[PDB]
Every structure is written in structure tokens, then in C-alpha cells.
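So this block is input.pdb, PDB, C-alpha atoms and all ligand atoms:
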```
MODEL        1
ATOM      1  CA  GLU A  16     309.014  14.390-148.862  1.00  0.00           C
ATOM      2  CA  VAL A  17     308.971  17.778-147.118  1.00  0.00           C
ATOM      3  CA  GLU A  18     308.511  20.715-149.493  1.00  0.00           C
ATOM      4  CA  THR A  19     309.798  24.135-148.432  1.00  0.00           C
ATOM      5  CA  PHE A  20     308.067  27.270-149.714  1.00  0.00           C
ATOM      6  CA  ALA A  21     308.802  30.975-149.383  1.00  0.00           C
ATOM      7  CA  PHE A  22     306.229  33.372-147.969  1.00  0.00           C
ATOM      8  CA  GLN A  23     304.970  36.222-150.093  1.00  0.00           C
ATOM      9  CA  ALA A  24     306.810  39.483-149.490  1.00  0.00           C
ATOM     10  CA  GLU A  25     303.675  41.013-147.957  1.00  0.00           C
ATOM     11  CA  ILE A  26     303.047  38.071-145.620  1.00  0.00           C
ATOM     12  CA  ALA A  27     306.723  38.029-144.618  1.00  0.00           C
ATOM     13  CA  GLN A  28     306.830  41.677-143.533  1.00  0.00           C
ATOM     14  CA  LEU A  29     303.604  41.178-141.567  1.00  0.00           C
ATOM     15  CA  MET A  30     305.133  38.254-139.672  1.00  0.00           C
ATOM     16  CA  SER A  31     308.279  40.217-138.820  1.00  0.00           C
ATOM     17  CA  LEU A  32     306.015  43.106-137.813  1.00  0.00           C
ATOM     18  CA  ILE A  33     304.137  40.818-135.416  1.00  0.00           C
ATOM     19  CA  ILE A  34     307.353  39.237-134.096  1.00  0.00           C
ATOM     20  CA  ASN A  35     309.347  42.439-133.563  1.00  0.00           C
ATOM     21  CA  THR A  36     306.701  44.973-132.469  1.00  0.00           C
ATOM     22  CA  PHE A  37     306.415  45.561-128.724  1.00  0.00           C
ATOM     23  CA  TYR A  38     302.765  44.847-127.907  1.00  0.00           C
ATOM     24  CA  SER A  39     301.537  43.594-124.536  1.00  0.00           C
ATOM     25  CA  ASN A  40     297.927  42.603-125.376  1.00  0.00           C
ATOM     26  CA  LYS A  41     298.996  39.210-126.685  1.00  0.00           C
ATOM     27  CA  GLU A  42     295.912  37.250-125.564  1.00  0.00           C
ATOM     28  CA  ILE A  43     293.966  38.276-128.693  1.00  0.00           C
ATOM     29  CA  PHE A  44     295.543  35.311-130.499  1.00  0.00           C
ATOM     30  CA  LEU A  45     293.067  32.853-128.973  1.00  0.00           C
ATOM     31  CA  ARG A  46     290.084  34.902-130.133  1.00  0.00           C
ATOM     32  CA  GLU A  47     291.460  35.040-133.680  1.00  0.00           C
ATOM     33  CA  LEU A  48     292.110  31.289-133.822  1.00  0.00           C
ATOM     34  CA  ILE A  49     288.753  30.384-132.270  1.00  0.00           C
ATOM     35  CA  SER A  50     287.091  32.817-134.683  1.00  0.00           C
ATOM     36  CA  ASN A  51     288.930  31.026-137.496  1.00  0.00           C
ATOM     37  CA  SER A  52     287.650  27.677-136.209  1.00  0.00           C
ATOM     38  CA  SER A  53     284.089  29.017-135.998  1.00  0.00           C
ATOM     39  CA  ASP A  54     284.173  30.038-139.665  1.00  0.00           C
ATOM     40  CA  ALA A  55     285.349  26.593-140.786  1.00  0.00           C
ATOM     41  CA  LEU A  56     282.515  24.957-138.836  1.00  0.00           C
ATOM     42  CA  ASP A  57     279.935  27.265-140.428  1.00  0.00           C
ATOM     43  CA  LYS A  58     281.136  26.310-143.910  1.00  0.00           C
ATOM     44  CA  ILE A  59     280.824  22.555-143.391  1.00  0.00           C
ATOM     45  CA  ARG A  60     277.404  23.020-141.761  1.00  0.00           C
ATOM     46  CA  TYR A  61     276.227  25.117-144.718  1.00  0.00           C
ATOM     47  CA  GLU A  62     277.509  22.622-147.297  1.00  0.00           C
ATOM     48  CA  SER A  63     275.598  19.894-145.429  1.00  0.00           C
ATOM     49  CA  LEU A  64     272.122  21.452-145.630  1.00  0.00           C
ATOM     50  CA  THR A  65     272.161  20.655-149.366  1.00  0.00           C
ATOM     51  CA  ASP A  66     274.272  17.484-148.965  1.00  0.00           C
ATOM     52  CA  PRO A  67     273.891  15.503-145.703  1.00  0.00           C
ATOM     53  CA  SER A  68     276.691  13.146-146.814  1.00  0.00           C
ATOM     54  CA  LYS A  69     279.510  15.578-145.963  1.00  0.00           C
ATOM     55  CA  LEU A  70     279.426  14.685-142.246  1.00  0.00           C
ATOM     56  CA  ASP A  71     280.398  11.114-143.164  1.00  0.00           C
ATOM     57  CA  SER A  72     283.823  12.028-141.751  1.00  0.00           C
ATOM     58  CA  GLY A  73     282.218  13.101-138.466  1.00  0.00           C
ATOM     59  CA  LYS A  74     278.848  14.481-137.395  1.00  0.00           C
ATOM     60  CA  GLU A  75     280.161  16.367-134.354  1.00  0.00           C
ATOM     61  CA  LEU A  76     281.039  20.055-134.793  1.00  0.00           C
ATOM     62  CA  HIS A  77     283.030  21.338-131.815  1.00  0.00           C
ATOM     63  CA  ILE A  78     286.188  23.174-130.754  1.00  0.00           C
ATOM     64  CA  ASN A  79     288.739  21.772-128.292  1.00  0.00           C
ATOM     65  CA  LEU A  80     291.448  23.674-126.395  1.00  0.00           C
ATOM     66  CA  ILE A  81     294.186  21.263-125.298  1.00  0.00           C
ATOM     67  CA  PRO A  82     297.089  22.728-123.299  1.00  0.00           C
ATOM     68  CA  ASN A  83     300.212  20.667-122.660  1.00  0.00           C
ATOM     69  CA  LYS A  84     302.861  21.663-120.112  1.00  0.00           C
ATOM     70  CA  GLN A  85     305.443  18.946-120.815  1.00  0.00           C
ATOM     71  CA  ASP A  86     305.551  19.833-124.522  1.00  0.00           C
ATOM     72  CA  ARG A  87     304.738  23.533-123.913  1.00  0.00           C
ATOM     73  CA  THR A  88     302.019  23.555-126.586  1.00  0.00           C
ATOM     74  CA  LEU A  89     298.498  24.958-126.835  1.00  0.00           C
ATOM     75  CA  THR A  90     296.378  23.181-129.445  1.00  0.00           C
ATOM     76  CA  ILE A  91     293.119  24.427-130.974  1.00  0.00           C
ATOM     77  CA  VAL A  92     291.178  21.544-132.542  1.00  0.00           C
ATOM     78  CA  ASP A  93     288.073  22.025-134.679  1.00  0.00           C
ATOM     79  CA  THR A  94     286.058  19.575-136.780  1.00  0.00           C
ATOM     80  CA  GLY A  95     285.491  22.200-139.477  1.00  0.00           C
ATOM     81  CA  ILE A  96     285.622  21.961-143.264  1.00  0.00           C
ATOM     82  CA  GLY A  97     289.423  21.713-143.247  1.00  0.00           C
ATOM     83  CA  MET A  98     291.986  23.049-145.696  1.00  0.00           C
ATOM     84  CA  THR A  99     293.301  21.531-148.923  1.00  0.00           C
ATOM     85  CA  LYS A 100     296.880  21.490-150.202  1.00  0.00           C
ATOM     86  CA  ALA A 101     296.185  24.338-152.633  1.00  0.00           C
ATOM     87  CA  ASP A 102     294.802  26.278-149.657  1.00  0.00           C
ATOM     88  CA  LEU A 103     298.006  25.846-147.644  1.00  0.00           C
ATOM     89  CA  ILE A 104     300.271  26.942-150.527  1.00  0.00           C
ATOM     90  CA  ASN A 105     298.463  29.246-152.975  1.00  0.00           C
ATOM     91  CA  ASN A 106     294.864  30.102-152.056  1.00  0.00           C
ATOM     92  CA  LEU A 107     294.851  31.718-148.604  1.00  0.00           C
ATOM     93  CA  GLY A 108     298.189  33.399-149.308  1.00  0.00           C
ATOM     94  CA  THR A 109     296.573  35.225-152.226  1.00  0.00           C
ATOM     95  CA  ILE A 110     293.473  36.159-150.206  1.00  0.00           C
ATOM     96  CA  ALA A 111     295.695  37.488-147.423  1.00  0.00           C
ATOM     97  CA  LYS A 112     297.787  39.863-149.577  1.00  0.00           C
ATOM     98  CA  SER A 113     295.002  42.431-149.759  1.00  0.00           C
ATOM     99  CA  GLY A 114     294.049  42.288-146.080  1.00  0.00           C
ATOM    100  CA  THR A 115     297.760  42.470-145.273  1.00  0.00           C
ATOM    101  CA  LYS A 116     298.287  45.634-147.329  1.00  0.00           C
ATOM    102  CA  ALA A 117     295.175  47.097-145.705  1.00  0.00           C
ATOM    103  CA  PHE A 118     296.382  46.084-142.236  1.00  0.00           C
ATOM    104  CA  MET A 119     299.711  47.920-142.504  1.00  0.00           C
ATOM    105  CA  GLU A 120     298.073  51.103-143.809  1.00  0.00           C
ATOM    106  CA  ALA A 121     295.755  50.951-140.796  1.00  0.00           C
ATOM    107  CA  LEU A 122     298.683  50.430-138.410  1.00  0.00           C
ATOM    108  CA  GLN A 123     300.405  53.605-139.615  1.00  0.00           C
ATOM    109  CA  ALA A 124     297.008  55.346-139.467  1.00  0.00           C
ATOM    110  CA  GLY A 125     296.675  54.604-135.730  1.00  0.00           C
ATOM    111  CA  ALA A 126     295.242  51.081-135.634  1.00  0.00           C
ATOM    112  CA  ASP A 127     296.833  48.439-133.410  1.00  0.00           C
ATOM    113  CA  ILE A 128     297.505  44.710-133.704  1.00  0.00           C
ATOM    114  CA  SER A 129     294.260  43.692-131.960  1.00  0.00           C
ATOM    115  CA  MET A 130     292.305  44.802-135.060  1.00  0.00           C
ATOM    116  CA  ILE A 131     293.921  42.089-137.212  1.00  0.00           C
ATOM    117  CA  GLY A 132     290.705  40.074-137.592  1.00  0.00           C
ATOM    118  CA  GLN A 133     288.865  42.782-139.533  1.00  0.00           C
ATOM    119  CA  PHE A 134     291.457  42.326-142.302  1.00  0.00           C
ATOM    120  CA  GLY A 135     291.249  38.530-142.603  1.00  0.00           C
ATOM    121  CA  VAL A 136     294.764  37.706-141.384  1.00  0.00           C
ATOM    122  CA  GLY A 137     294.020  36.951-137.734  1.00  0.00           C
ATOM    123  CA  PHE A 138     295.774  33.574-137.862  1.00  0.00           C
ATOM    124  CA  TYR A 139     299.205  35.235-137.812  1.00  0.00           C
ATOM    125  CA  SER A 140     298.381  36.623-134.357  1.00  0.00           C
ATOM    126  CA  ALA A 141     299.398  33.136-133.189  1.00  0.00           C
ATOM    127  CA  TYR A 142     302.997  34.347-133.566  1.00  0.00           C
ATOM    128  CA  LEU A 143     302.434  36.755-130.682  1.00  0.00           C
ATOM    129  CA  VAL A 144     302.928  33.817-128.302  1.00  0.00           C
ATOM    130  CA  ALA A 145     304.310  31.072-130.554  1.00  0.00           C
ATOM    131  CA  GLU A 146     307.849  30.667-131.861  1.00  0.00           C
ATOM    132  CA  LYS A 147     306.555  27.930-134.206  1.00  0.00           C
ATOM    133  CA  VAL A 148     303.091  26.917-135.429  1.00  0.00           C
ATOM    134  CA  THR A 149     301.998  23.484-136.675  1.00  0.00           C
ATOM    135  CA  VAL A 150     298.734  23.057-138.605  1.00  0.00           C
ATOM    136  CA  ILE A 151     297.263  19.589-139.194  1.00  0.00           C
ATOM    137  CA  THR A 152     294.216  19.790-141.456  1.00  0.00           C
ATOM    138  CA  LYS A 153     291.996  17.336-143.336  1.00  0.00           C
ATOM    139  CA  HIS A 154     289.549  18.354-146.072  1.00  0.00           C
ATOM    140  CA  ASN A 155     286.907  15.983-147.429  1.00  0.00           C
ATOM    141  CA  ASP A 156     288.337  16.502-150.935  1.00  0.00           C
ATOM    142  CA  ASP A 157     292.021  16.030-150.045  1.00  0.00           C
ATOM    143  CA  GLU A 158     294.481  14.072-147.917  1.00  0.00           C
ATOM    144  CA  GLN A 159     295.860  15.003-144.484  1.00  0.00           C
ATOM    145  CA  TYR A 160     298.659  17.579-144.539  1.00  0.00           C
ATOM    146  CA  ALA A 161     300.984  19.220-142.020  1.00  0.00           C
ATOM    147  CA  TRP A 162     301.834  22.929-142.217  1.00  0.00           C
ATOM    148  CA  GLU A 163     304.696  24.420-140.218  1.00  0.00           C
ATOM    149  CA  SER A 164     306.573  27.715-139.971  1.00  0.00           C
ATOM    150  CA  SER A 165     308.905  29.470-137.526  1.00  0.00           C
ATOM    151  CA  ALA A 166     308.834  32.854-139.309  1.00  0.00           C
ATOM    152  CA  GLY A 167     312.068  33.583-141.188  1.00  0.00           C
ATOM    153  CA  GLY A 168     310.177  33.889-144.480  1.00  0.00           C
ATOM    154  CA  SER A 169     309.672  30.177-145.197  1.00  0.00           C
ATOM    155  CA  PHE A 170     307.222  27.387-144.383  1.00  0.00           C
ATOM    156  CA  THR A 171     306.982  23.652-145.050  1.00  0.00           C
ATOM    157  CA  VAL A 172     304.199  21.293-146.140  1.00  0.00           C
ATOM    158  CA  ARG A 173     304.117  17.491-146.031  1.00  0.00           C
ATOM    159  CA  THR A 174     301.612  14.646-146.029  1.00  0.00           C
ATOM    160  CA  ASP A 175     300.918  13.861-142.378  1.00  0.00           C
ATOM    161  CA  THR A 176     301.604  10.353-141.075  1.00  0.00           C
ATOM    162  CA  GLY A 177     300.053  10.834-137.623  1.00  0.00           C
ATOM    163  CA  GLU A 178     296.586  10.065-136.299  1.00  0.00           C
ATOM    164  CA  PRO A 179     293.794  10.469-138.890  1.00  0.00           C
ATOM    165  CA  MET A 180     291.552  13.433-138.095  1.00  0.00           C
ATOM    166  CA  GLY A 181     288.643  12.480-140.351  1.00  0.00           C
ATOM    167  CA  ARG A 182     287.935  16.165-140.985  1.00  0.00           C
ATOM    168  CA  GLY A 183     289.057  19.391-139.330  1.00  0.00           C
ATOM    169  CA  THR A 184     292.067  21.527-138.484  1.00  0.00           C
ATOM    170  CA  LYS A 185     294.569  21.164-135.627  1.00  0.00           C
ATOM    171  CA  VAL A 186     296.552  24.308-134.781  1.00  0.00           C
ATOM    172  CA  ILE A 187     299.483  23.554-132.455  1.00  0.00           C
ATOM    173  CA  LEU A 188     301.103  26.604-130.847  1.00  0.00           C
ATOM    174  CA  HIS A 189     304.671  25.986-129.676  1.00  0.00           C
ATOM    175  CA  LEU A 190     304.559  28.669-126.998  1.00  0.00           C
ATOM    176  CA  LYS A 191     307.526  30.956-126.438  1.00  0.00           C
ATOM    177  CA  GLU A 192     309.447  30.251-123.246  1.00  0.00           C
ATOM    178  CA  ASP A 193     308.045  33.394-121.575  1.00  0.00           C
ATOM    179  CA  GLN A 194     304.414  32.855-122.674  1.00  0.00           C
ATOM    180  CA  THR A 195     303.495  29.763-120.634  1.00  0.00           C
ATOM    181  CA  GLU A 196     300.572  31.626-119.021  1.00  0.00           C
ATOM    182  CA  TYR A 197     298.284  30.415-121.830  1.00  0.00           C
ATOM    183  CA  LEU A 198     298.879  26.831-120.685  1.00  0.00           C
ATOM    184  CA  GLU A 199     297.117  27.514-117.372  1.00  0.00           C
ATOM    185  CA  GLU A 200     293.515  26.374-116.983  1.00  0.00           C
ATOM    186  CA  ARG A 201     292.223  29.465-115.171  1.00  0.00           C
ATOM    187  CA  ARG A 202     293.943  31.748-117.695  1.00  0.00           C
ATOM    188  CA  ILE A 203     292.470  30.155-120.838  1.00  0.00           C
ATOM    189  CA  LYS A 204     289.024  30.093-119.216  1.00  0.00           C
ATOM    190  CA  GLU A 205     289.367  33.851-118.697  1.00  0.00           C
ATOM    191  CA  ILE A 206     290.311  34.622-122.315  1.00  0.00           C
ATOM    192  CA  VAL A 207     287.483  32.437-123.649  1.00  0.00           C
ATOM    193  CA  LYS A 208     284.766  33.937-121.437  1.00  0.00           C
ATOM    194  CA  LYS A 209     286.031  37.454-122.238  1.00  0.00           C
ATOM    195  CA  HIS A 210     286.698  37.185-125.990  1.00  0.00           C
ATOM    196  CA  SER A 211     284.633  34.269-127.346  1.00  0.00           C
ATOM    197  CA  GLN A 212     281.535  33.930-125.165  1.00  0.00           C
ATOM    198  CA  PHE A 213     279.142  34.054-128.149  1.00  0.00           C
ATOM    199  CA  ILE A 214     280.726  31.315-130.284  1.00  0.00           C
ATOM    200  CA  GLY A 215     277.881  29.082-131.432  1.00  0.00           C
ATOM    201  CA  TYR A 216     279.787  25.817-131.000  1.00  0.00           C
ATOM    202  CA  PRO A 217     280.672  23.886-127.826  1.00  0.00           C
ATOM    203  CA  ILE A 218     284.146  24.797-126.571  1.00  0.00           C
ATOM    204  CA  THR A 219     285.712  22.176-124.291  1.00  0.00           C
ATOM    205  CA  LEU A 220     288.908  23.151-122.468  1.00  0.00           C
ATOM    206  CA  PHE A 221     291.021  20.122-121.585  1.00  0.00           C
ATOM    207  CA  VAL A 222     292.932  19.716-118.317  1.00  0.00           C
ATOM    208  CA  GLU A 223     296.046  17.689-117.574  1.00  0.00           C
ATOM    209  CA  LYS A 224     298.022  16.083-114.734  1.00  0.00           C
TER     210      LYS A 224
HETATM  211  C1  LIG A 301     293.970  30.570-142.563  1.00  0.00           C
HETATM  212  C2  LIG A 301     294.922  31.509-143.216  1.00  0.00           C
HETATM  213  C3  LIG A 301     294.696  32.814-143.656  1.00  0.00           C
HETATM  214  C4  LIG A 301     293.413  33.577-143.560  1.00  0.00           C
HETATM  215  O1  LIG A 301     293.320  34.328-142.360  1.00  0.00           O
HETATM  216  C5  LIG A 301     295.890  33.237-144.186  1.00  0.00           C
HETATM  217  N1  LIG A 301     296.826  32.303-144.110  1.00  0.00           N
HETATM  218  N2  LIG A 301     296.226  31.232-143.502  1.00  0.00           N
HETATM  219  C6  LIG A 301     296.998  30.065-143.290  1.00  0.00           C
HETATM  220  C7  LIG A 301     297.018  29.465-142.045  1.00  0.00           C
HETATM  221  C8  LIG A 301     297.784  28.328-141.852  1.00  0.00           C
HETATM  222  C9  LIG A 301     298.527  27.805-142.884  1.00  0.00           C
HETATM  223  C10 LIG A 301     298.507  28.413-144.118  1.00  0.00           C
HETATM  224  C11 LIG A 301     297.745  29.549-144.329  1.00  0.00           C
ENDMDL
END
```
Can you present the structure in this file as C-alpha cells?
Ligand SMILES: Cc1c(CO)cnn1-c1ccccc1
Amino acid sequence: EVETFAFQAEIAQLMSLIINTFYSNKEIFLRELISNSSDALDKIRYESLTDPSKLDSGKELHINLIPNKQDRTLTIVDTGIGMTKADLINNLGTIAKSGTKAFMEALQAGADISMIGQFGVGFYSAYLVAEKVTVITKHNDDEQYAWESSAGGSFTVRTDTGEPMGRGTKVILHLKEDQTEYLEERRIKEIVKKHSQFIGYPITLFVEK
């Protein structure tokens, strides 16, 4: 059972704007995704100060950067609060319509793509370097779901059958054929130290063969 949904008209034109606009400062995607992971970890930590039973699905709060050359994927793993099914379909799409409309008005006013985080839609910066994005997430109050989109105005959602996460969000970036630089160890270490040095959670960058 794989359900296919259509993006909102405002989210669709933002995606095509990110896909089609010539813009060479593409590395800002990792800051936006790590900043998105840091917010999810803050929310589960806050909910735990008044309820220590919410870490039952995992006490550790960290962020993992796992590059893969054989599959040509960069994965950002966090043990944050996760996202529910209503989040993946209705909720965040409604929150993002205002920041989207504000982001375009800023772009015609002189702003550039790197300012996408101050409008709450920084996740779509992943499509600067990805031709397809997979999101595996697990919320304490919901099952494990798989989100996927390759632009075009549509996305899919299904119940994931893979490895149980316990709690968190896994963002898999299927890198474009000409964007394999973000699979290199020394490159990722440079973007992290430059853009996300003050993230208050341990960031472990994995290495491969
Ligand atoms: C996290 C997020 C926002 C807020 O920036 C807007 N859309 N999304 C999102 C991401 C992945 C899948 C479905 C929706």
C-alpha cells in the first residue's frame, strides 16, 4: 500500500524554483538538514523534562552523517522526536505555505536561496544536490513511515518495513550524478565545521571502505 499525494501549488513552485535556478552555493543543504535535526532533538528533550518516559525508545540524542559511495547516498540520522503520518501529509505542508510565500517575495526582493532557513522551509534545500529524497521517521505516537519524492509535484507515503528506528528521522539524499563531492569525508567535515560548529548535539561522521 503506497499512497501517492500531490504537493501544494506553493510547495511545487518552490521545488521547481530550487531545481531549475542556477545557484552554485549548494552546500547550504547540510546546514539546513542538521538544523532541522537539532530542532527535533530539542523537542524530545523538552517533552522529557516533564515526562522521563519518552526516552523509552532511546536515551541517546545524537546526529549521524553516513555517506555511501556504492549507493551514492548521504544520510542524516537523528534520534529526535520524529514525525507522524499527519505531519508527512497535512501538517508541515500547511506550516510551509506561509514561509514559502514569504520566501519567494524575498527572492524577488534580492534575497538568495541560502536564506531559506529563516522562512521554515530549509528541508527543500536538499533538492539542491538530490534528485530524490527518502525520509524514514518514527514518532512515539505513531508507526514507522517512509516519505519519498523526486520533485514533479507528487510524493509518496507508506508504512516502512525496514529496520526499526525506535525514534527519530532518517533523511536519505540520493545525490545527483554531478554532486558526489558531498560523499567525501574531508568535504563533509569542512561543511560541518563551517556551518554547524555550534550544534549542541554530538555529530558523528561515518567513514567507509
Ligand atoms: C520538515 C518539513 C517542513 C518544515 O521545514 C516542510 N516540509 N517538511 C517535510 C519534510 C519531509 C517530508 C515531508 C515534509
Throw together the list of residues within 8 Å of ligand LIG 301 (chain A), counting all atoms listed in the file, and drop it here as a CSV table (one decimal) with C-alpha atoms, in the frame of the given file.
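Result written to pocket.csv:
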```csv
chain,number,residue,atom,x,y,z
A,51,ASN,CA,288.9,31.0,-137.5
A,102,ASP,CA,294.8,26.3,-149.7
A,103,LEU,CA,298.0,25.8,-147.6
A,104,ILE,CA,300.3,26.9,-150.5
A,107,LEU,CA,294.9,31.7,-148.6
A,108,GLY,CA,298.2,33.4,-149.3
A,110,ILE,CA,293.5,36.2,-150.2
A,111,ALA,CA,295.7,37.5,-147.4
A,132,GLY,CA,290.7,40.1,-137.6
A,135,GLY,CA,291.2,38.5,-142.6
A,136,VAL,CA,294.8,37.7,-141.4
A,137,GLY,CA,294.0,37.0,-137.7
A,138,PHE,CA,295.8,33.6,-137.9
A,139,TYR,CA,299.2,35.2,-137.8
A,150,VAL,CA,298.7,23.1,-138.6
A,162,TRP,CA,301.8,22.9,-142.2
A,163,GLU,CA,304.7,24.4,-140.2
```
Might you spell out which residues the PyMOL selection byres (((chain A and resi 129) around 9) and not hetatm) would select in the displayed file, as a ChimeraX atom specification? /A:40-41,43-44,126-128,130-132,137,140
Once the PyMOL selection byres (((chain A and resi 119) around 12) and not hetatm) is applied to the coordinates I shared, what remains selected? I want it as a VMD selection string. chain A and resid 25 to 26 28 to 30 32 to 33 112 to 118 120 to 128 130 to 131 134 136
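Among A:151, A:198, A:144, A:214, the residue with the shortest atom-to-atom distance to residue 35 of chain A, counting only C-alpha atoms, is A:144.
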Take the PyMOL selection byres (((chain A and resi 86-92) around 8) and not hetatm), run it mentally on this structure, and tell me the resulting residues as a PyMOL selection string. chain A and resi 48-49+52+78-85+93-94+183-190+195+197-198
As an exercise, work out the distance from atom CA of residue 159 of chain A to atom CA of residue 175 of chain A in Å and give it to one decimal place.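 Those two atoms sit 5.6 Å apart.
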Take segment 203-218 of chain A, bring it up to N, CA, C and O atoms, and give me the output as a PDB file, in the frame of the given file.
```pdb
ATOM      1  N   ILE A 203     293.201  30.396-119.594  1.00  0.00           N
ATOM      2  CA  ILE A 203     292.470  30.155-120.838  1.00  0.00           C
ATOM      3  C   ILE A 203     290.978  30.382-120.634  1.00  0.00           C
ATOM      4  O   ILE A 203     290.304  30.988-121.477  1.00  0.00           O
ATOM      5  N   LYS A 204     290.439  29.898-119.511  1.00  0.00           N
ATOM      6  CA  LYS A 204     289.024  30.093-119.216  1.00  0.00           C
ATOM      7  C   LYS A 204     288.666  31.570-119.150  1.00  0.00           C
ATOM      8  O   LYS A 204     287.528  31.949-119.450  1.00  0.00           O
ATOM      9  N   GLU A 205     289.623  32.417-118.766  1.00  0.00           N
ATOM     10  CA  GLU A 205     289.367  33.851-118.697  1.00  0.00           C
ATOM     11  C   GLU A 205     289.369  34.489-120.082  1.00  0.00           C
ATOM     12  O   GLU A 205     288.544  35.366-120.360  1.00  0.00           O
ATOM     13  N   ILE A 206     290.278  34.063-120.965  1.00  0.00           N
ATOM     14  CA  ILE A 206     290.311  34.622-122.315  1.00  0.00           C
ATOM     15  C   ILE A 206     289.080  34.185-123.104  1.00  0.00           C
ATOM     16  O   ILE A 206     288.522  34.961-123.889  1.00  0.00           O
ATOM     17  N   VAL A 207     288.631  32.944-122.902  1.00  0.00           N
ATOM     18  CA  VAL A 207     287.483  32.437-123.649  1.00  0.00           C
ATOM     19  C   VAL A 207     286.210  33.167-123.235  1.00  0.00           C
ATOM     20  O   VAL A 207     285.443  33.641-124.081  1.00  0.00           O
ATOM     21  N   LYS A 208     285.972  33.275-121.925  1.00  0.00           N
ATOM     22  CA  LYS A 208     284.766  33.937-121.437  1.00  0.00           C
ATOM     23  C   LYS A 208     284.745  35.415-121.810  1.00  0.00           C
ATOM     24  O   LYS A 208     283.668  35.994-122.002  1.00  0.00           O
ATOM     25  N   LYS A 209     285.918  36.029-121.950  1.00  0.00           N
ATOM     26  CA  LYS A 209     286.031  37.454-122.238  1.00  0.00           C
ATOM     27  C   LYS A 209     285.979  37.760-123.732  1.00  0.00           C
ATOM     28  O   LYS A 209     285.405  38.778-124.134  1.00  0.00           O
ATOM     29  N   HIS A 210     286.551  36.893-124.571  1.00  0.00           N
ATOM     30  CA  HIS A 210     286.698  37.185-125.990  1.00  0.00           C
ATOM     31  C   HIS A 210     285.806  36.356-126.903  1.00  0.00           C
ATOM     32  O   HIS A 210     285.542  36.788-128.029  1.00  0.00           O
ATOM     33  N   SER A 211     285.341  35.189-126.461  1.00  0.00           N
ATOM     34  CA  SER A 211     284.633  34.269-127.346  1.00  0.00           C
ATOM     35  C   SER A 211     283.438  33.645-126.639  1.00  0.00           C
ATOM     36  O   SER A 211     283.185  32.441-126.755  1.00  0.00           O
ATOM     37  N   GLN A 212     282.676  34.457-125.904  1.00  0.00           N
ATOM     38  CA  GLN A 212     281.535  33.930-125.165  1.00  0.00           C
ATOM     39  C   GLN A 212     280.350  33.610-126.066  1.00  0.00           C
ATOM     40  O   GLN A 212     279.491  32.811-125.676  1.00  0.00           O
ATOM     41  N   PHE A 213     280.284  34.205-127.259  1.00  0.00           N
ATOM     42  CA  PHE A 213     279.142  34.054-128.149  1.00  0.00           C
ATOM     43  C   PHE A 213     279.427  33.132-129.330  1.00  0.00           C
ATOM     44  O   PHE A 213     278.724  33.198-130.344  1.00  0.00           O
ATOM     45  N   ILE A 214     280.442  32.276-129.224  1.00  0.00           N
ATOM     46  CA  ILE A 214     280.726  31.315-130.284  1.00  0.00           C
ATOM     47  C   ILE A 214     279.670  30.220-130.247  1.00  0.00           C
ATOM     48  O   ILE A 214     279.460  29.573-129.212  1.00  0.00           O
ATOM     49  N   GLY A 215     279.003  30.000-131.377  1.00  0.00           N
ATOM     50  CA  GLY A 215     277.881  29.082-131.432  1.00  0.00           C
ATOM     51  C   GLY A 215     278.249  27.619-131.584  1.00  0.00           C
ATOM     52  O   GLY A 215     277.525  26.859-132.235  1.00  0.00           O
ATOM     53  N   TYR A 216     279.367  27.208-130.988  1.00  0.00           N
ATOM     54  CA  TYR A 216     279.787  25.817-131.000  1.00  0.00           C
ATOM     55  C   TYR A 216     280.377  25.473-129.639  1.00  0.00           C
ATOM     56  O   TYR A 216     281.017  26.328-129.007  1.00  0.00           O
ATOM     57  N   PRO A 217     280.171  24.247-129.160  1.00  0.00           N
ATOM     58  CA  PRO A 217     280.672  23.886-127.826  1.00  0.00           C
ATOM     59  C   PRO A 217     282.192  23.931-127.773  1.00  0.00           C
ATOM     60  O   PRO A 217     282.879  23.331-128.602  1.00  0.00           O
ATOM     61  N   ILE A 218     282.711  24.658-126.789  1.00  0.00           N
ATOM     62  CA  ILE A 218     284.146  24.797-126.571  1.00  0.00           C
ATOM     63  C   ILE A 218     284.489  24.048-125.292  1.00  0.00           C
ATOM     64  O   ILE A 218     284.047  24.428-124.200  1.00  0.00           O
TER      65      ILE A 218
END
```
